Amino acid sequence: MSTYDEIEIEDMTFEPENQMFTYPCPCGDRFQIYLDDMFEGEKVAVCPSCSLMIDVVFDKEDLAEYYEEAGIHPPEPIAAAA
Ligand SMILES: [Zn+2]
């Protein structure tokens with residue numbers, strides 16, 4: 001019981017209104033991974049009803065970009081500014 005599937009953040013479908021990424025799952029619900037916890041350094045989407053968990057390859061640059069799209073409170077800048 002660990003994350004043996006790992007999807008790149010770009011493939012994960014992002015819901016800017018929910019401030020999270022989801023992945024289409026057949027069972028009754030879709031995999032859900034919260035940007036809040038992704039920022040915490042943890043990356044794994046859990047699906048309800050079937051109760052599956054999968055890892056998600058995230059990036060610093062992706063988080064910041066999505067943060068603006070999802071309309072979240074400005075995050076602390078990453079070590080990449082030129
Ligand atoms: Zn599911």
# chains A, B, ... in the order shown; residues from 1 in each chain; ligands from 1

$ residues_around --residues "stretch 44-48 of chain A" --least-positions-apart "4" --cutoff "7 Å" --atoms "only C-alpha atoms" --output "JSON, numbers by chain"
{"A": [29, 30, 31, 32, 33, 52, 53, 54, 55, 56]}

$ select_by_dssp --residues "stretch 1-81 of chain A" --states "strand (DSSP E)" --output "ChimeraX atom specification"
/A:6-8,13-15,20-23,31-34,44-47,52-57

$ write_last_selection --atoms "N, CA, C and O atoms" --output "mmCIF file, in the first residue's frame"
data_model
loop_
_atom_site.group_PDB
_atom_site.id
_atom_site.type_symbol
_atom_site.label_atom_id
_atom_site.label_comp_id
_atom_site.auth_asym_id
_atom_site.auth_seq_id
_atom_site.Cartn_x
_atom_site.Cartn_y
_atom_site.Cartn_z
ATOM 1 N N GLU A 6 2.891 6.700 -10.869
ATOM 2 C CA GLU A 6 3.400 8.055 -10.769
ATOM 3 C C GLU A 6 3.115 8.815 -12.059
ATOM 4 O O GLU A 6 3.635 8.464 -13.123
ATOM 5 N N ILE A 7 2.281 9.841 -11.970
ATOM 6 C CA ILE A 7 1.880 10.587 -13.154
ATOM 7 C C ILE A 7 2.467 11.983 -13.118
ATOM 8 O O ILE A 7 2.508 12.623 -12.072
ATOM 9 N N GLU A 8 2.936 12.440 -14.263
ATOM 10 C CA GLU A 8 3.441 13.793 -14.389
ATOM 11 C C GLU A 8 2.305 14.797 -14.213
ATOM 12 O O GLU A 8 1.185 14.566 -14.677
ATOM 13 N N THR A 13 -5.289 16.304 -14.612
ATOM 14 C CA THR A 13 -6.182 17.388 -14.987
ATOM 15 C C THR A 13 -6.377 18.335 -13.810
ATOM 16 O O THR A 13 -6.797 17.914 -12.739
ATOM 17 N N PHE A 14 -6.076 19.607 -14.000
ATOM 18 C CA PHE A 14 -6.168 20.556 -12.901
ATOM 19 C C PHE A 14 -7.511 21.274 -12.891
ATOM 20 O O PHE A 14 -8.008 21.712 -13.928
ATOM 21 N N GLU A 15 -8.102 21.363 -11.707
ATOM 22 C CA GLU A 15 -9.327 22.113 -11.502
ATOM 23 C C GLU A 15 -9.021 23.387 -10.739
ATOM 24 O O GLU A 15 -8.955 23.383 -9.508
ATOM 25 N N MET A 20 -6.987 22.304 -7.076
ATOM 26 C CA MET A 20 -6.409 20.970 -6.970
ATOM 27 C C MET A 20 -6.313 20.295 -8.331
ATOM 28 O O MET A 20 -6.863 20.781 -9.320
ATOM 29 N N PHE A 21 -5.602 19.178 -8.367
ATOM 30 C CA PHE A 21 -5.487 18.366 -9.569
ATOM 31 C C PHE A 21 -6.247 17.064 -9.369
ATOM 32 O O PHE A 21 -6.228 16.492 -8.277
ATOM 33 N N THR A 22 -6.927 16.604 -10.401
ATOM 34 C CA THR A 22 -7.623 15.337 -10.335
ATOM 35 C C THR A 22 -7.236 14.446 -11.508
ATOM 36 O O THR A 22 -6.668 14.910 -12.498
ATOM 37 N N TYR A 23 -7.529 13.165 -11.390
ATOM 38 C CA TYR A 23 -7.273 12.236 -12.468
ATOM 39 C C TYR A 23 -8.484 11.337 -12.656
ATOM 40 O O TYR A 23 -8.975 10.745 -11.695
ATOM 41 N N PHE A 31 -9.438 10.729 -8.792
ATOM 42 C CA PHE A 31 -8.263 10.962 -7.950
ATOM 43 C C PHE A 31 -8.138 12.440 -7.620
ATOM 44 O O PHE A 31 -8.317 13.284 -8.491
ATOM 45 N N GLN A 32 -7.843 12.751 -6.370
ATOM 46 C CA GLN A 32 -7.735 14.136 -5.943
ATOM 47 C C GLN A 32 -6.426 14.394 -5.207
ATOM 48 O O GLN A 32 -6.105 13.721 -4.227
ATOM 49 N N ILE A 33 -5.671 15.362 -5.703
ATOM 50 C CA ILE A 33 -4.450 15.807 -5.047
ATOM 51 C C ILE A 33 -4.491 17.324 -4.858
ATOM 52 O O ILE A 33 -4.734 18.078 -5.803
ATOM 53 N N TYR A 34 -4.274 17.762 -3.628
ATOM 54 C CA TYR A 34 -4.451 19.165 -3.274
ATOM 55 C C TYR A 34 -3.138 19.924 -3.379
ATOM 56 O O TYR A 34 -2.115 19.487 -2.851
ATOM 57 N N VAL A 44 0.788 13.094 -3.998
ATOM 58 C CA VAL A 44 0.035 11.867 -4.181
ATOM 59 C C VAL A 44 -1.455 12.181 -4.235
ATOM 60 O O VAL A 44 -1.979 12.914 -3.398
ATOM 61 N N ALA A 45 -2.124 11.646 -5.238
ATOM 62 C CA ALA A 45 -3.547 11.852 -5.392
ATOM 63 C C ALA A 45 -4.297 10.637 -4.887
ATOM 64 O O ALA A 45 -3.959 9.498 -5.224
ATOM 65 N N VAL A 46 -5.293 10.877 -4.062
ATOM 66 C CA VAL A 46 -6.097 9.804 -3.523
ATOM 67 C C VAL A 46 -7.490 9.865 -4.110
ATOM 68 O O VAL A 46 -8.048 10.947 -4.295
ATOM 69 N N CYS A 47 -8.038 8.716 -4.431
ATOM 70 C CA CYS A 47 -9.373 8.670 -4.957
ATOM 71 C C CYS A 47 -10.321 8.090 -3.919
ATOM 72 O O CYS A 47 -10.000 7.102 -3.255
ATOM 73 N N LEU A 52 -7.890 4.588 -3.982
ATOM 74 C CA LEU A 52 -6.597 4.323 -4.574
ATOM 75 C C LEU A 52 -5.703 5.536 -4.389
ATOM 76 O O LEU A 52 -6.188 6.657 -4.243
ATOM 77 N N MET A 53 -4.406 5.305 -4.385
ATOM 78 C CA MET A 53 -3.431 6.378 -4.210
ATOM 79 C C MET A 53 -2.338 6.273 -5.249
ATOM 80 O O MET A 53 -1.828 5.182 -5.518
ATOM 81 N N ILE A 54 -1.961 7.405 -5.812
ATOM 82 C CA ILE A 54 -0.954 7.440 -6.854
ATOM 83 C C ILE A 54 -0.086 8.689 -6.718
ATOM 84 O O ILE A 54 -0.554 9.724 -6.257
ATOM 85 N N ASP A 55 1.175 8.578 -7.100
ATOM 86 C CA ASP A 55 2.140 9.660 -6.930
ATOM 87 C C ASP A 55 2.047 10.620 -8.112
ATOM 88 O O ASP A 55 1.662 10.214 -9.210
ATOM 89 N N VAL A 56 2.400 11.881 -7.905
ATOM 90 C CA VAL A 56 2.285 12.878 -8.969
ATOM 91 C C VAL A 56 3.543 13.737 -9.071
ATOM 92 O O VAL A 56 3.885 14.459 -8.145
ATOM 93 N N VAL A 57 4.211 13.666 -10.216
ATOM 94 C CA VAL A 57 5.437 14.429 -10.444
ATOM 95 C C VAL A 57 5.125 15.915 -10.598
ATOM 96 O O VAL A 57 4.569 16.332 -11.611
#

$ closest_residue --among "A:19, A:12, A:43, A:50" --to "ligand 1" --atoms "only C-alpha atoms and all ligand atoms"
A:50

$ closest_residue --among "A:75, A:37, A:24, A:59" --to "ligand 1" --atoms "only C-alpha atoms and all ligand atoms"
A:24

$ atom_distance --atom1 "atom CA of residue A:65" --atom2 "atom CA of residue A:16"
11.1 Å

$ select_by_dssp --residues "chain A" --states "helix (DSSP H, G or I)" --output "PyMOL selection string"
chain A and resi 35-39+60-70

$ write_last_selection --atoms "N, CA and C atoms" --output "PDB file, in the first residue's frame"
ATOM      1  N   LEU A  35      -3.184  21.068  -4.056  1.00  0.00           N
ATOM      2  CA  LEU A  35      -2.003  21.899  -4.270  1.00  0.00           C
ATOM      3  C   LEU A  35      -1.408  22.326  -2.926  1.00  0.00           C
ATOM      4  N   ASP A  36      -2.277  22.488  -1.935  1.00  0.00           N
ATOM      5  CA  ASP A  36      -1.861  22.860  -0.584  1.00  0.00           C
ATOM      6  C   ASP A  36      -0.806  21.899  -0.050  1.00  0.00           C
ATOM      7  N   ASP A  37      -1.062  20.606  -0.204  1.00  0.00           N
ATOM      8  CA  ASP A  37      -0.173  19.585   0.332  1.00  0.00           C
ATOM      9  C   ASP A  37       0.982  19.332  -0.630  1.00  0.00           C
ATOM     10  N   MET A  38       0.755  19.630  -1.909  1.00  0.00           N
ATOM     11  CA  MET A  38       1.814  19.549  -2.915  1.00  0.00           C
ATOM     12  C   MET A  38       2.890  20.581  -2.610  1.00  0.00           C
ATOM     13  N   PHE A  39       2.452  21.755  -2.168  1.00  0.00           N
ATOM     14  CA  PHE A  39       3.363  22.810  -1.746  1.00  0.00           C
ATOM     15  C   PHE A  39       4.132  22.377  -0.499  1.00  0.00           C
ATOM     16  N   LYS A  60       8.346  23.075  -9.243  1.00  0.00           N
ATOM     17  CA  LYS A  60       8.302  24.393  -8.641  1.00  0.00           C
ATOM     18  C   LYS A  60       7.646  25.376  -9.600  1.00  0.00           C
ATOM     19  N   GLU A  61       8.056  25.282 -10.858  1.00  0.00           N
ATOM     20  CA  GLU A  61       7.596  26.192 -11.897  1.00  0.00           C
ATOM     21  C   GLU A  61       6.124  25.949 -12.218  1.00  0.00           C
ATOM     22  N   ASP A  62       5.711  24.686 -12.162  1.00  0.00           N
ATOM     23  CA  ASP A  62       4.319  24.326 -12.408  1.00  0.00           C
ATOM     24  C   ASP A  62       3.411  24.848 -11.298  1.00  0.00           C
ATOM     25  N   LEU A  63       3.846  24.685 -10.048  1.00  0.00           N
ATOM     26  CA  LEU A  63       3.054  25.118  -8.899  1.00  0.00           C
ATOM     27  C   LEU A  63       2.773  26.614  -8.955  1.00  0.00           C
ATOM     28  N   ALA A  64       3.820  27.402  -9.184  1.00  0.00           N
ATOM     29  CA  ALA A  64       3.695  28.856  -9.232  1.00  0.00           C
ATOM     30  C   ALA A  64       2.742  29.292 -10.340  1.00  0.00           C
ATOM     31  N   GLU A  65       2.853  28.641 -11.488  1.00  0.00           N
ATOM     32  CA  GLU A  65       2.038  28.980 -12.645  1.00  0.00           C
ATOM     33  C   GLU A  65       0.569  28.660 -12.372  1.00  0.00           C
ATOM     34  N   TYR A  66       0.330  27.476 -11.821  1.00  0.00           N
ATOM     35  CA  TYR A  66      -1.019  27.041 -11.491  1.00  0.00           C
ATOM     36  C   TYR A  66      -1.604  27.878 -10.360  1.00  0.00           C
ATOM     37  N   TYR A  67      -0.755  28.270  -9.414  1.00  0.00           N
ATOM     38  CA  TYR A  67      -1.174  29.103  -8.291  1.00  0.00           C
ATOM     39  C   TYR A  67      -1.870  30.361  -8.792  1.00  0.00           C
ATOM     40  N   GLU A  68      -1.321  30.943  -9.849  1.00  0.00           N
ATOM     41  CA  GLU A  68      -1.894  32.143 -10.436  1.00  0.00           C
ATOM     42  C   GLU A  68      -3.215  31.835 -11.133  1.00  0.00           C
ATOM     43  N   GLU A  69      -3.277  30.689 -11.798  1.00  0.00           N
ATOM     44  CA  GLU A  69      -4.479  30.286 -12.519  1.00  0.00           C
ATOM     45  C   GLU A  69      -5.605  29.927 -11.560  1.00  0.00           C
ATOM     46  N   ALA A  70      -5.279  29.148 -10.538  1.00  0.00           N
ATOM     47  CA  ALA A  70      -6.266  28.718  -9.554  1.00  0.00           C
ATOM     48  C   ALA A  70      -6.756  29.892  -8.716  1.00  0.00           C
TER      49      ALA A  70
END

$ atom_distance --atom1 "atom CA of residue A:80" --atom2 "atom CA of residue A:5"
29.2 Å
